[PDB]
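Chemist: Sharing a structure, written as structure tokens. Questions coming.
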Amino acid sequence: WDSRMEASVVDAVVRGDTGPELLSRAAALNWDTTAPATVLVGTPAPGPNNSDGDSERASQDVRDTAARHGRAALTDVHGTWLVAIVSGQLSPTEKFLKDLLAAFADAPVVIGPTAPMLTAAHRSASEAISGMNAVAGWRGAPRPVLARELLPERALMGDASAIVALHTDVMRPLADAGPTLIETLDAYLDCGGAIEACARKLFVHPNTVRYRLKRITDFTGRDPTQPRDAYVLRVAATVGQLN
Ligand code: NA
């Protein structure tokens with residue numbers, strides 16, 4: 001196992017140095033170069049004492065866990081974080097990922113988008129790293145959390161790609177809803193989710209307001225009645241107006 005070479009492959013994805021030769025470097029480490037690539041970042045699990053080799057233990061676990069599930073992983077460190085690239089399609093509820101999480105501390109883990117192949121994974125890396133930089137700003141984040149689920153936090157920290165993603169992935173689909181839905185959303189967010197009250201203000205049954213929020217969820221995938229969703233819609237609508 002050549003772990004200088006493993007780190008150089010990870011670091012070349014992190015830096016966006018993704019020429020063809022990256023693939024042979026990876027094949028050489030038993031990466032299937034056709035597979036999807038997902039970057040995640042977290043802290044290594046704290047070991048029984050020893051404590052600089054936490055990172056080396058956690059790397060080994062990660063690679064073992066991958067092998068056991070039929071996948072490959074490459075790792076590198078990013079100061080006190082461990083950066084892992086893992087192969088294959090990746091579901092939130094699936095067992096590979098539950099096991100993988102045991103290699104990390106009981107502290108945030110941020111999962112980047114899945115890329116089609118290793119050489120396409122620079123954005124996955126940049127977003128997972130940006131999310132990890134941003135995750136302190138949502139203390140209640142779930143473990144794990146998607147980079148794309150931290151757009152307010154990344155936006156407030158100055159990550160341009162988060163601002164763009166609020167437009168492209170929240171505002172643009174919102175905008176498909178037309179003025180009756182956006183107006184209802186805006187009112188509901190200002191009443192703080194107080195349905196009876198808002199309904200009176202919008203001259204409609206409570207159940208019409210509820211139905212219209214369920215439509216907001218149809219256009220955008222965010223549920224205005226869930227406090228996280230509602231916060232993301234509200235920040236996204238702001239950013240929408242100021243660009
Ligand atoms: Na993957």
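Every chain in the structure tokens takes a letter, A first, then B, and so on in the order presented; its residues are numbered from 1, and the ligands are numbered from 1 following the presented order.
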Pick out each residue of region 164-225 of chain A that DSSP on the backbone tags as helix (DSSP H, G or I); I need them as a ChimeraX atom specification.

Modeler: /A:164-175,178-190,195-202,206-220

Chemist: Using 9 Å as the limit and counting only C-alpha atoms and all ligand atoms, can you tabulate each residue of chain A that touches ligand 1, with its shortest atom-to-atom distance in Å and the two atoms involved, as a Markdown table?

Modeler:
```
| residue | atom | partner | partner_atom_place_in_ligand_line | distance |
| --- | --- | --- | --- | --- |
| A:35 | CA | ligand 1 | 1 (Na) | 7.3 |
| A:36 | CA | ligand 1 | 1 (Na) | 4.6 |
| A:37 | CA | ligand 1 | 1 (Na) | 3.7 |
| A:38 | CA | ligand 1 | 1 (Na) | 3.8 |
| A:39 | CA | ligand 1 | 1 (Na) | 7.4 |
| A:71 | CA | ligand 1 | 1 (Na) | 8.8 |
| A:85 | CA | ligand 1 | 1 (Na) | 7.3 |
| A:86 | CA | ligand 1 | 1 (Na) | 5.0 |
| A:87 | CA | ligand 1 | 1 (Na) | 3.9 |
| A:88 | CA | ligand 1 | 1 (Na) | 4.0 |
| A:89 | CA | ligand 1 | 1 (Na) | 5.0 |
| A:90 | CA | ligand 1 | 1 (Na) | 5.7 |
| A:113 | CA | ligand 1 | 1 (Na) | 8.4 |
| A:114 | CA | ligand 1 | 1 (Na) | 5.3 |
| A:115 | CA | ligand 1 | 1 (Na) | 6.9 |
| A:116 | CA | ligand 1 | 1 (Na) | 8.2 |
| A:117 | CA | ligand 1 | 1 (Na) | 8.3 |
| A:118 | CA | ligand 1 | 1 (Na) | 8.8 |
```

Chemist: Measure the distance from CA of residue 73 (chain A) to CA of residue 52 (chain A) in Å and round it to one decimal.

Modeler: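 These two atoms are separated by 20.7 Å.
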
Chemist: Once you count only C-alpha atoms, what closest atom pair and distance in Å to one decimal does each residue of region 100-128 of chain A within 9 Å of region 58-66 of chain A have, with rows by chain and rising residue number, as CSV?

Modeler:
```
residue,atom,partner,partner_atom,distance
A:100,CA,A:62,CA,6.0
A:101,CA,A:62,CA,8.6
A:102,CA,A:61,CA,8.5
A:103,CA,A:58,CA,5.1
A:104,CA,A:58,CA,6.9
```

Chemist: I need the residues from that last selection saved to file as a PDB file, in the first residue's frame (with N, CA and C atoms), if you can.

Modeler:
```pdb
ATOM      1  N   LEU A 100     -18.816   3.327   7.545  1.00  0.00           N
ATOM      2  CA  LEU A 100     -17.844   4.360   7.310  1.00  0.00           C
ATOM      3  C   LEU A 100     -17.797   5.413   8.435  1.00  0.00           C
ATOM      4  N   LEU A 101     -18.968   5.855   8.891  1.00  0.00           N
ATOM      5  CA  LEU A 101     -19.104   6.857   9.919  1.00  0.00           C
ATOM      6  C   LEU A 101     -18.463   6.410  11.215  1.00  0.00           C
ATOM      7  N   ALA A 102     -18.315   5.095  11.435  1.00  0.00           N
ATOM      8  CA  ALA A 102     -17.656   4.678  12.652  1.00  0.00           C
ATOM      9  C   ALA A 102     -16.151   5.032  12.607  1.00  0.00           C
ATOM     10  N   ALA A 103     -15.536   5.310  11.432  1.00  0.00           N
ATOM     11  CA  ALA A 103     -14.158   5.766  11.409  1.00  0.00           C
ATOM     12  C   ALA A 103     -13.960   7.221  11.840  1.00  0.00           C
ATOM     13  N   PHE A 104     -15.034   7.939  12.109  1.00  0.00           N
ATOM     14  CA  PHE A 104     -14.929   9.352  12.397  1.00  0.00           C
ATOM     15  C   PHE A 104     -15.371   9.654  13.812  1.00  0.00           C
TER      16      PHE A 104
END
```

Chemist: Of the candidates A:235, A:209, A:216, A:146, which shows the shortest atom-to-atom distance to residue 91 (chain A), using only C-alpha atoms?

Modeler: A:146

Chemist: Quick one: everything within 10 Å of residue 78 (chain A), counting only C-alpha atoms, minus sequence neighbours fewer than 6 positions away in the same chain. Send it as a list in words.

Modeler: residues 11, 41, 42, 43 and 129 of chain A

Chemist: To one decimal place in Å, what is the distance between CA of residue 184 (chain A) and CA of residue 242 (chain A)?

Modeler: 20.5 Å

Chemist: Name the residues in contact with residue 222 (chain A) at a cut-off of 12 Å, using only C-alpha atoms, excluding same-chain residues fewer than 2 positions from it; report them as number ranges by chain.

Modeler: A: 149, 169-171, 173-174, 185, 213-220, 224-234, 236

Chemist: Once you have the residues from the selection above, write them out as a CSV table (one decimal), in the first residue's frame, restricted to N, CA and C atoms.

Modeler:
```csv
chain,number,residue,atom,x,y,z
A,149,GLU,N,-26.7,20.8,1.7
A,149,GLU,CA,-27.6,21.1,2.7
A,149,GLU,C,-27.1,22.2,3.7
A,169,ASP,N,-30.7,26.1,-7.4
A,169,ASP,CA,-31.4,24.9,-6.9
A,169,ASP,C,-32.6,25.2,-5.9
A,170,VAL,N,-32.8,26.4,-5.6
A,170,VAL,CA,-33.9,26.7,-4.7
A,170,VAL,C,-34.8,27.8,-5.4
A,171,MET,N,-34.2,28.9,-5.7
A,171,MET,CA,-34.9,30.1,-6.3
A,171,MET,C,-35.5,29.8,-7.7
A,173,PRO,N,-36.4,26.9,-9.3
A,173,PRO,CA,-37.5,26.0,-9.1
A,173,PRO,C,-38.7,26.7,-8.3
A,174,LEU,N,-38.3,27.5,-7.3
A,174,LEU,CA,-39.4,28.2,-6.6
A,174,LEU,C,-40.2,29.0,-7.7
A,185,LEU,N,-46.0,31.7,0.5
A,185,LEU,CA,-44.8,31.4,1.2
A,185,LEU,C,-44.3,32.6,1.9
A,213,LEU,N,-48.4,25.3,0.6
A,213,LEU,CA,-47.0,25.0,1.1
A,213,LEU,C,-46.6,23.6,0.6
A,214,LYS,N,-47.5,22.6,0.4
A,214,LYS,CA,-47.2,21.3,-0.1
A,214,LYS,C,-46.8,21.5,-1.6
A,215,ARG,N,-47.4,22.4,-2.3
A,215,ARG,CA,-47.0,22.8,-3.6
A,215,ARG,C,-45.6,23.4,-3.6
A,216,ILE,N,-45.3,24.2,-2.7
A,216,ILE,CA,-43.9,24.8,-2.6
A,216,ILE,C,-42.9,23.6,-2.5
A,217,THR,N,-43.3,22.6,-1.7
A,217,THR,CA,-42.5,21.5,-1.6
A,217,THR,C,-42.5,20.8,-2.9
A,218,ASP,N,-43.6,20.8,-3.7
A,218,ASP,CA,-43.5,20.1,-5.0
A,218,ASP,C,-42.5,20.8,-5.9
A,219,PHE,N,-42.5,22.2,-6.0
A,219,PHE,CA,-41.7,22.9,-6.9
A,219,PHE,C,-40.2,22.8,-6.5
A,220,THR,N,-39.8,22.6,-5.2
A,220,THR,CA,-38.5,22.9,-4.6
A,220,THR,C,-38.0,21.8,-3.8
A,224,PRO,N,-42.0,24.1,3.7
A,224,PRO,CA,-41.9,25.4,4.5
A,224,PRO,C,-42.3,25.2,5.9
A,225,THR,N,-42.9,24.0,6.2
A,225,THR,CA,-43.3,23.8,7.6
A,225,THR,C,-42.2,23.1,8.5
A,226,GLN,N,-41.2,22.7,7.9
A,226,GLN,CA,-40.0,22.2,8.6
A,226,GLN,C,-39.0,23.4,8.8
A,227,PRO,N,-38.7,23.7,10.0
A,227,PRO,CA,-37.9,24.9,10.3
A,227,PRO,C,-36.6,25.0,9.6
A,228,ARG,N,-35.9,23.9,9.3
A,228,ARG,CA,-34.7,24.1,8.5
A,228,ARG,C,-35.0,24.5,7.1
A,229,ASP,N,-36.0,23.8,6.5
A,229,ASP,CA,-36.4,24.1,5.1
A,229,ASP,C,-36.8,25.5,4.9
A,230,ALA,N,-37.5,26.0,5.9
A,230,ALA,CA,-38.2,27.3,5.9
A,230,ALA,C,-37.0,28.3,6.0
A,231,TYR,N,-36.0,28.0,6.8
A,231,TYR,CA,-34.9,28.9,6.9
A,231,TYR,C,-34.1,28.9,5.5
A,232,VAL,N,-34.0,27.8,4.9
A,232,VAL,CA,-33.3,27.8,3.6
A,232,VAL,C,-34.1,28.5,2.5
A,233,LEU,N,-35.4,28.3,2.5
A,233,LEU,CA,-36.2,29.1,1.6
A,233,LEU,C,-36.1,30.6,1.8
A,234,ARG,N,-36.1,31.0,3.1
A,234,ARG,CA,-36.0,32.4,3.4
A,234,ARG,C,-34.7,33.1,3.0
A,236,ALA,N,-32.7,31.8,0.7
A,236,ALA,CA,-32.6,31.7,-0.7
A,236,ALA,C,-33.4,32.8,-1.4
```

Chemist: Hey, what does DSSP flag as strand (DSSP E or B) within region 1-242 of chain A? Can you give it to me as a PyMOL selection string?

Modeler: chain A and resi 37-44+73-78+81-87+104-115+145-146

Chemist: Any chance you can output those residues with N, CA and C atoms as a short mmCIF file (atom, residue, chain, number, x, y, z; two decimals), in the first residue's frame?

Modeler:
```cif
data_model
loop_
_atom_site.label_atom_id
_atom_site.label_comp_id
_atom_site.auth_asym_id
_atom_site.auth_seq_id
_atom_site.Cartn_x
_atom_site.Cartn_y
_atom_site.Cartn_z
N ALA A 37 -17.36 8.85 -7.81
CA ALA A 37 -16.48 9.31 -6.74
C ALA A 37 -17.20 10.32 -5.84
N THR A 38 -17.18 10.14 -4.50
CA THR A 38 -17.80 11.08 -3.56
C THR A 38 -16.76 11.41 -2.48
N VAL A 39 -16.60 12.70 -2.27
CA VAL A 39 -15.68 13.16 -1.24
C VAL A 39 -16.45 13.50 0.02
N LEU A 40 -15.97 13.04 1.16
CA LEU A 40 -16.53 13.45 2.43
C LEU A 40 -15.39 13.85 3.33
N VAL A 41 -15.75 14.65 4.33
CA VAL A 41 -14.73 15.11 5.26
C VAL A 41 -15.26 14.96 6.68
N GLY A 42 -14.40 14.56 7.58
CA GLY A 42 -14.80 14.52 8.98
C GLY A 42 -13.54 14.51 9.86
N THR A 43 -13.70 14.39 11.17
CA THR A 43 -12.57 14.23 12.06
C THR A 43 -12.28 12.74 12.32
N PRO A 44 -11.03 12.24 12.37
CA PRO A 44 -10.78 10.86 12.76
C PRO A 44 -11.28 10.46 14.15
N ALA A 73 -11.64 3.38 -1.33
CA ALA A 73 -11.46 4.67 -0.69
C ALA A 73 -10.00 5.14 -0.76
N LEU A 74 -9.83 6.45 -1.04
CA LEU A 74 -8.55 7.10 -0.85
C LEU A 74 -8.74 8.24 0.15
N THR A 75 -7.75 8.40 1.02
CA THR A 75 -7.76 9.38 2.08
C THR A 75 -6.53 10.28 2.06
N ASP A 76 -6.70 11.43 2.75
CA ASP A 76 -5.65 12.39 3.03
C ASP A 76 -6.15 13.20 4.22
N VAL A 77 -5.28 13.97 4.83
CA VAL A 77 -5.62 14.82 5.94
C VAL A 77 -5.72 16.25 5.45
N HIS A 78 -6.45 17.08 6.20
CA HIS A 78 -6.64 18.49 5.91
C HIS A 78 -6.60 19.13 7.28
N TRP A 81 -8.72 17.41 9.95
CA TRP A 81 -9.76 16.63 9.28
C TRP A 81 -9.15 15.50 8.46
N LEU A 82 -9.94 14.45 8.27
CA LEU A 82 -9.67 13.39 7.33
C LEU A 82 -10.58 13.51 6.11
N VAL A 83 -9.97 13.54 4.94
CA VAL A 83 -10.66 13.71 3.70
C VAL A 83 -10.69 12.33 3.04
N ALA A 84 -11.87 11.80 2.69
CA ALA A 84 -11.98 10.45 2.08
C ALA A 84 -12.73 10.54 0.78
N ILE A 85 -12.15 9.98 -0.26
CA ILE A 85 -12.88 9.81 -1.49
C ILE A 85 -13.30 8.34 -1.55
N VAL A 86 -14.59 8.07 -1.78
CA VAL A 86 -15.13 6.72 -1.85
C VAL A 86 -15.84 6.46 -3.19
N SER A 87 -15.84 5.18 -3.65
CA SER A 87 -16.31 4.84 -4.98
C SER A 87 -17.71 4.31 -4.85
N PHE A 104 -15.03 7.94 12.11
CA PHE A 104 -14.93 9.35 12.40
C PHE A 104 -15.37 9.65 13.81
N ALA A 105 -14.86 10.76 14.38
CA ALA A 105 -15.35 11.26 15.67
C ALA A 105 -16.82 11.58 15.61
N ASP A 106 -17.33 11.56 16.83
CA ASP A 106 -18.67 12.01 17.09
C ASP A 106 -18.71 13.53 16.95
N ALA A 107 -18.53 14.02 15.73
CA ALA A 107 -18.40 15.44 15.38
C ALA A 107 -18.87 15.51 13.92
N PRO A 108 -19.06 16.69 13.32
CA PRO A 108 -19.62 16.74 11.99
C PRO A 108 -18.86 15.90 10.96
N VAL A 109 -19.60 15.36 9.98
CA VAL A 109 -19.09 14.76 8.75
C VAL A 109 -19.88 15.39 7.62
N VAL A 110 -19.21 15.86 6.61
CA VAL A 110 -19.83 16.56 5.52
C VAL A 110 -19.60 15.75 4.26
N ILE A 111 -20.70 15.47 3.53
CA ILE A 111 -20.63 14.68 2.30
C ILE A 111 -20.89 15.55 1.07
N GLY A 112 -19.89 15.55 0.17
CA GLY A 112 -19.93 16.26 -1.10
C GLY A 112 -20.86 15.55 -2.10
N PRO A 113 -21.27 16.17 -3.24
CA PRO A 113 -22.02 15.45 -4.29
C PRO A 113 -21.20 14.35 -4.92
N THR A 114 -21.89 13.32 -5.41
CA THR A 114 -21.26 12.25 -6.15
C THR A 114 -20.84 12.70 -7.55
N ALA A 115 -19.60 12.47 -7.91
CA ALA A 115 -19.16 12.79 -9.25
C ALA A 115 -19.21 11.51 -10.10
N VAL A 145 -24.02 15.38 7.03
CA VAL A 145 -24.82 16.40 6.36
C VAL A 145 -24.23 16.55 4.98
N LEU A 146 -25.08 16.77 3.98
CA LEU A 146 -24.64 17.07 2.61
C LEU A 146 -24.11 18.50 2.52
#
```

Chemist: Please identify all polymer residues within 8 Å of region 16-33 of chain A, counting only C-alpha atoms, omitting same-chain residues fewer than 3 positions from it, and present them as JSON, numbers by chain.

Modeler: {"A": [1, 2, 5, 6, 9, 12, 13, 72, 73, 87, 117, 118, 119, 120, 122]}

Chemist: Given only C-alpha atoms as the basis, pick out the residue of A:92, A:193, A:144, A:46 nearest to residue 80 (chain A).

Modeler: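 Looking at the shortest contact to residue 80 (chain A), the residue is A:46.
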